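Novice: This structure is in structure tokens; I'll ask about it shortly.
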Number of protein chains: 2
Amino acid sequence: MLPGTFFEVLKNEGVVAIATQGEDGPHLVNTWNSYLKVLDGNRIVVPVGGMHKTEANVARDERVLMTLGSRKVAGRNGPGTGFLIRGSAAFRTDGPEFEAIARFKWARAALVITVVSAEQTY
Amino acid sequence: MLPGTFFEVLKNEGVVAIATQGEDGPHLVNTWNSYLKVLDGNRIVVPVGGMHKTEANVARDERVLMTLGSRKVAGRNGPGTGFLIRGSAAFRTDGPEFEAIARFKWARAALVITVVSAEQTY
Ligand SMILES: Cc1cc2nc3c(=O)[nH]c(=O)nc-3n(C[C@H](O)[C@H](O)[C@H](O)COP(=O)(O)O)c2cc1C
Ligand SMILES: Cc1cc2nc3c(=O)[nH]c(=O)nc-3n(C[C@H](O)[C@H](O)[C@H](O)COP(=O)(O)O)c2cc1C
């Protein structure tokens with residue numbers, strides 16, 4: 001489902017943002033474009049070092065939002081583009097999804113987002 | 001209270017993310033590092049073209065989260081750093097805050113975030 005333009009964004013560096021529902025409002029954490037791994041089945045894997053508040057939020061509501069982009073990829077009306085990703089999150093500490101990010105030796109886990117929609121929003 | 005490292009980040013391009021409280025989960029939208037205008041009094045101003053869902057969310061709860069960063073600025077984890085900003089948001093459609101982004105002729109409003117806290121998170 002993820003489009004070619006998305007993979008082009010991933011070729012460039014940038015700040016990824018991951019929003020979850022917290023008790024008193026949204027919560028928002030980050031990773032880097034270059035840290036993301038994409039798997040078959042529309043899955044995006046993030047290396048987790050911290051994200052303890054994020055993990056607790058995911059346990060109460062697995063639905064998350066992710067944005068990322070790059071000024072170096074042409075958008076619909078001008079330089080740069082990016083995406084809003086909606087999907088369901090789960091945390092893994094072993095298995096192939098963990099092996100995707102295991103080169104990051106500080107990772108205590110893998111955050112795996114199963115994408116339901118990806119919208120190019122610029 | 002925005003620290004010097006934050007302004008270093010703004011010398012570099014990137015994707016800014018802004019999270020708001022939706023009816024049933026967070027909402028998350030973006031701008032570019034290069035579009036932000038910082039004013040005295042801890043104010044970050046964002047040119048608004050769209051952000052109608054975000055505006056309705058700000059009406060329900062003025063508290064927002066913003067993240068931004070840059071690989072080109074040193075952090076505490078080698079190359080790269082970024083910030084979690086918490087603040088109160090308002091949409092301005094007149095006045096000096098609107099004029100600060102009014103060269104963007106596509107702007108219908110300025111999203112003004114009055115920063116309460118800035119945390120360097122990498
Ligand atoms: C640009 C950037 C990159 C980040 N990359 C990671 C990452 O890959 N993994 C991670 O666990 N935290 C990363 N962080 C830190 C998280 O955003 C977050 O502050 C931390 O994991 C704590 O999460 P929590 O607030 O959900 O407990 C990054 C921060 C920034 C600014
Ligand atoms: C990297 C990037 C930058 C964007 N810059 C802006 C911007 O400066 N102002 C704007 O209104 N929308 C911008 N957008 C679009 C918003 O993220 C959002 O999709 C749109 O304004 C609709 O907001 P809403 O979902 O709150 O209605 C940008 C999107 C991307 C991917």
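In the structure tokens, the first chain shown is A, the next is B, and so on; residue numbers restart at 1 for each chain, and ligands run from 1 in the order shown.
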Can you list every residue in chain B that DSSP puts in strand (DSSP E), as a PyMOL selection string?
Specialist: chain B and resi 15-22+25-32+37-39+43-48+63-70+81-92+109-120
Novice: Around ligand 2, out to 6 Å and counting only C-alpha atoms and all ligand atoms, which residues are there? I want them as a list in words.
Specialist: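 Based on only C-alpha atoms and all ligand atoms, ligand 2 is surrounded within 6 Å by residues 69, 81, 82, 83, 121 and 122 of chain A; 15, 29, 30, 31, 32, 47, 48, 49, 50, 51, 52, 53 and 54 of chain B.
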Novice: Since chain B and chain A share a sequence, can you fit the second onto the first over all C-alpha atoms in order and output it as a PDB file with C-alpha atoms, in the first residue's frame?
Specialist:
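The resulting file, out-v8.pdb, is reproduced below:
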```pdb
ATOM      1  CA  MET A   1      13.297  29.556  27.404  1.00  0.00           C
ATOM      2  CA  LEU A   2      14.049  28.035  23.988  1.00  0.00           C
ATOM      3  CA  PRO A   3      17.729  27.050  23.921  1.00  0.00           C
ATOM      4  CA  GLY A   4      20.475  27.890  21.434  1.00  0.00           C
ATOM      5  CA  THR A   5      20.442  24.291  20.156  1.00  0.00           C
ATOM      6  CA  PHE A   6      16.808  24.697  19.151  1.00  0.00           C
ATOM      7  CA  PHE A   7      17.625  27.753  17.080  1.00  0.00           C
ATOM      8  CA  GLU A   8      20.424  25.739  15.499  1.00  0.00           C
ATOM      9  CA  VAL A   9      17.904  23.104  14.438  1.00  0.00           C
ATOM     10  CA  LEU A  10      15.849  25.878  12.816  1.00  0.00           C
ATOM     11  CA  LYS A  11      18.818  26.747  10.586  1.00  0.00           C
ATOM     12  CA  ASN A  12      18.370  23.338   8.968  1.00  0.00           C
ATOM     13  CA  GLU A  13      15.479  21.959   6.997  1.00  0.00           C
ATOM     14  CA  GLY A  14      13.173  19.316   8.328  1.00  0.00           C
ATOM     15  CA  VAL A  15       9.648  18.136   9.091  1.00  0.00           C
ATOM     16  CA  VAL A  16       7.906  19.643  12.125  1.00  0.00           C
ATOM     17  CA  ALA A  17       5.044  17.684  13.698  1.00  0.00           C
ATOM     18  CA  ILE A  18       2.124  19.079  15.691  1.00  0.00           C
ATOM     19  CA  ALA A  19      -0.089  16.793  17.774  1.00  0.00           C
ATOM     20  CA  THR A  20      -3.532  17.690  19.110  1.00  0.00           C
ATOM     21  CA  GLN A  21      -6.259  15.754  20.929  1.00  0.00           C
ATOM     22  CA  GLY A  22      -8.927  14.527  18.485  1.00  0.00           C
ATOM     23  CA  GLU A  23     -12.248  12.893  19.327  1.00  0.00           C
ATOM     24  CA  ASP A  24     -11.120   9.339  18.512  1.00  0.00           C
ATOM     25  CA  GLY A  25      -7.418   9.685  19.354  1.00  0.00           C
ATOM     26  CA  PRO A  26      -4.525  12.011  18.615  1.00  0.00           C
ATOM     27  CA  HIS A  27      -4.308  14.088  15.470  1.00  0.00           C
ATOM     28  CA  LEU A  28      -0.984  14.882  13.811  1.00  0.00           C
ATOM     29  CA  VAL A  29      -0.096  17.506  11.217  1.00  0.00           C
ATOM     30  CA  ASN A  30       3.117  19.060   9.862  1.00  0.00           C
ATOM     31  CA  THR A  31       5.010  22.091   8.739  1.00  0.00           C
ATOM     32  CA  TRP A  32       8.625  22.681   7.719  1.00  0.00           C
ATOM     33  CA  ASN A  33      11.487  23.822   9.933  1.00  0.00           C
ATOM     34  CA  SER A  34      12.059  26.751   7.660  1.00  0.00           C
ATOM     35  CA  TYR A  35       8.445  27.919   7.957  1.00  0.00           C
ATOM     36  CA  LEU A  36       8.595  28.529  11.717  1.00  0.00           C
ATOM     37  CA  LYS A  37       8.922  32.022  13.115  1.00  0.00           C
ATOM     38  CA  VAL A  38       9.957  32.509  16.757  1.00  0.00           C
ATOM     39  CA  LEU A  39       8.629  35.505  18.694  1.00  0.00           C
ATOM     40  CA  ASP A  40       9.518  37.068  21.987  1.00  0.00           C
ATOM     41  CA  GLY A  41       7.528  35.658  24.876  1.00  0.00           C
ATOM     42  CA  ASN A  42       8.367  32.064  23.913  1.00  0.00           C
ATOM     43  CA  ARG A  43       6.024  31.948  20.893  1.00  0.00           C
ATOM     44  CA  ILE A  44       6.376  29.791  17.779  1.00  0.00           C
ATOM     45  CA  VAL A  45       4.294  30.754  14.714  1.00  0.00           C
ATOM     46  CA  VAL A  46       3.257  28.326  11.957  1.00  0.00           C
ATOM     47  CA  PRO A  47       1.610  29.334   8.615  1.00  0.00           C
ATOM     48  CA  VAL A  48      -1.807  27.729   8.372  1.00  0.00           C
ATOM     49  CA  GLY A  49      -3.188  26.723   4.968  1.00  0.00           C
ATOM     50  CA  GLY A  50      -5.221  23.673   6.040  1.00  0.00           C
ATOM     51  CA  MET A  51      -5.198  22.527   9.664  1.00  0.00           C
ATOM     52  CA  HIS A  52      -8.985  22.664   9.890  1.00  0.00           C
ATOM     53  CA  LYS A  53      -9.229  19.483  11.982  1.00  0.00           C
ATOM     54  CA  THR A  54      -6.292  20.734  14.056  1.00  0.00           C
ATOM     55  CA  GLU A  55      -8.068  24.049  14.627  1.00  0.00           C
ATOM     56  CA  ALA A  56     -11.246  22.309  15.831  1.00  0.00           C
ATOM     57  CA  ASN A  57      -9.167  20.200  18.181  1.00  0.00           C
ATOM     58  CA  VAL A  58      -7.367  23.263  19.582  1.00  0.00           C
ATOM     59  CA  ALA A  59     -10.766  24.833  20.272  1.00  0.00           C
ATOM     60  CA  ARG A  60     -11.626  21.908  22.556  1.00  0.00           C
ATOM     61  CA  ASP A  61      -8.150  21.618  24.114  1.00  0.00           C
ATOM     62  CA  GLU A  62      -5.474  24.230  23.437  1.00  0.00           C
ATOM     63  CA  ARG A  63      -2.632  22.031  24.701  1.00  0.00           C
ATOM     64  CA  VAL A  64      -0.444  20.796  21.862  1.00  0.00           C
ATOM     65  CA  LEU A  65       2.811  18.949  21.394  1.00  0.00           C
ATOM     66  CA  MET A  66       5.415  19.783  18.764  1.00  0.00           C
ATOM     67  CA  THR A  67       8.541  17.914  17.679  1.00  0.00           C
ATOM     68  CA  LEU A  68      11.294  18.940  15.300  1.00  0.00           C
ATOM     69  CA  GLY A  69      14.987  18.229  14.854  1.00  0.00           C
ATOM     70  CA  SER A  70      17.968  17.915  12.528  1.00  0.00           C
ATOM     71  CA  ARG A  71      20.568  15.202  11.942  1.00  0.00           C
ATOM     72  CA  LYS A  72      23.011  18.028  11.139  1.00  0.00           C
ATOM     73  CA  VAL A  73      23.049  19.318  14.757  1.00  0.00           C
ATOM     74  CA  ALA A  74      24.970  17.304  17.335  1.00  0.00           C
ATOM     75  CA  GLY A  75      22.922  15.601  20.062  1.00  0.00           C
ATOM     76  CA  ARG A  76      23.904  14.376  23.480  1.00  0.00           C
ATOM     77  CA  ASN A  77      25.134  11.010  22.259  1.00  0.00           C
ATOM     78  CA  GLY A  78      25.848  11.135  18.513  1.00  0.00           C
ATOM     79  CA  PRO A  79      24.871  13.039  15.359  1.00  0.00           C
ATOM     80  CA  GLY A  80      21.572  14.785  15.357  1.00  0.00           C
ATOM     81  CA  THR A  81      19.182  16.173  17.895  1.00  0.00           C
ATOM     82  CA  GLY A  82      15.616  17.329  18.359  1.00  0.00           C
ATOM     83  CA  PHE A  83      13.020  18.680  20.725  1.00  0.00           C
ATOM     84  CA  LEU A  84       9.637  17.990  22.304  1.00  0.00           C
ATOM     85  CA  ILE A  85       7.775  21.270  22.757  1.00  0.00           C
ATOM     86  CA  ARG A  86       4.696  21.526  24.982  1.00  0.00           C
ATOM     87  CA  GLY A  87       2.569  24.658  24.786  1.00  0.00           C
ATOM     88  CA  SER A  88      -0.806  26.271  24.178  1.00  0.00           C
ATOM     89  CA  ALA A  89      -2.109  27.002  20.705  1.00  0.00           C
ATOM     90  CA  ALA A  90      -4.210  29.805  19.329  1.00  0.00           C
ATOM     91  CA  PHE A  91      -5.192  30.792  15.789  1.00  0.00           C
ATOM     92  CA  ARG A  92      -4.794  34.390  14.550  1.00  0.00           C
ATOM     93  CA  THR A  93      -5.927  35.997  11.264  1.00  0.00           C
ATOM     94  CA  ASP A  94      -4.493  39.462  11.887  1.00  0.00           C
ATOM     95  CA  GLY A  95      -2.101  41.407  14.075  1.00  0.00           C
ATOM     96  CA  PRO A  96       1.653  41.120  14.367  1.00  0.00           C
ATOM     97  CA  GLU A  97       1.562  37.357  14.939  1.00  0.00           C
ATOM     98  CA  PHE A  98      -0.200  36.961  11.595  1.00  0.00           C
ATOM     99  CA  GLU A  99       2.244  39.423  10.008  1.00  0.00           C
ATOM    100  CA  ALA A 100       5.035  37.051  11.060  1.00  0.00           C
ATOM    101  CA  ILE A 101       3.945  34.519   8.453  1.00  0.00           C
ATOM    102  CA  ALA A 102       2.057  36.745   6.017  1.00  0.00           C
ATOM    103  CA  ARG A 103       4.682  36.261   3.309  1.00  0.00           C
ATOM    104  CA  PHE A 104       2.985  32.857   2.819  1.00  0.00           C
ATOM    105  CA  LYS A 105       0.112  34.102   0.720  1.00  0.00           C
ATOM    106  CA  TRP A 106      -1.728  30.792   0.973  1.00  0.00           C
ATOM    107  CA  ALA A 107      -1.932  31.206   4.772  1.00  0.00           C
ATOM    108  CA  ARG A 108      -5.480  31.692   5.990  1.00  0.00           C
ATOM    109  CA  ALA A 109      -4.170  32.111   9.546  1.00  0.00           C
ATOM    110  CA  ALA A 110      -1.250  31.868  11.919  1.00  0.00           C
ATOM    111  CA  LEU A 111      -1.015  29.083  14.442  1.00  0.00           C
ATOM    112  CA  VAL A 112       0.730  30.578  17.515  1.00  0.00           C
ATOM    113  CA  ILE A 113       2.122  28.175  20.113  1.00  0.00           C
ATOM    114  CA  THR A 114       3.015  29.656  23.461  1.00  0.00           C
ATOM    115  CA  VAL A 115       5.719  27.361  24.746  1.00  0.00           C
ATOM    116  CA  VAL A 116       5.561  26.063  28.317  1.00  0.00           C
ATOM    117  CA  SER A 117       8.463  23.630  27.984  1.00  0.00           C
ATOM    118  CA  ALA A 118      11.073  22.627  25.400  1.00  0.00           C
ATOM    119  CA  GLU A 119      12.931  19.365  26.010  1.00  0.00           C
ATOM    120  CA  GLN A 120      15.976  18.253  24.000  1.00  0.00           C
ATOM    121  CA  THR A 121      15.101  14.559  23.654  1.00  0.00           C
ATOM    122  CA  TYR A 122      18.129  13.250  21.741  1.00  0.00           C
TER     123      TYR A 122
END
```
Novice: Please identify which residues in region 12-115 of chain A DSSP calls helix (DSSP H, G or I) from the backbone, and express them as a PyMOL selection string.
Specialist: chain A and resi 33-35+52-60+96-99
Novice: Restrict the selected residues to C-alpha atoms and save them as a compact mmCIF listing (two decimals), in the first residue's frame.
Specialist:
```txt
# COMPACT_ATOMS: atom_id res chain seq x y z
CA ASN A 33 13.98 8.39 8.69
CA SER A 34 17.05 6.26 8.32
CA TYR A 35 16.12 4.09 11.31
CA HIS A 52 8.12 3.70 27.77
CA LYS A 53 5.23 6.19 27.95
CA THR A 54 4.47 5.43 24.29
CA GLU A 55 4.39 1.70 25.06
CA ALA A 56 1.93 2.19 27.93
CA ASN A 57 -0.25 4.28 25.67
CA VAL A 58 -0.20 1.64 22.91
CA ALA A 59 -1.32 -0.94 25.49
CA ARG A 60 -4.47 1.10 26.11
CA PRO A 96 12.07 -11.51 12.70
CA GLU A 97 10.46 -8.12 13.36
CA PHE A 98 12.95 -7.57 16.19
CA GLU A 99 15.76 -8.87 13.96
```
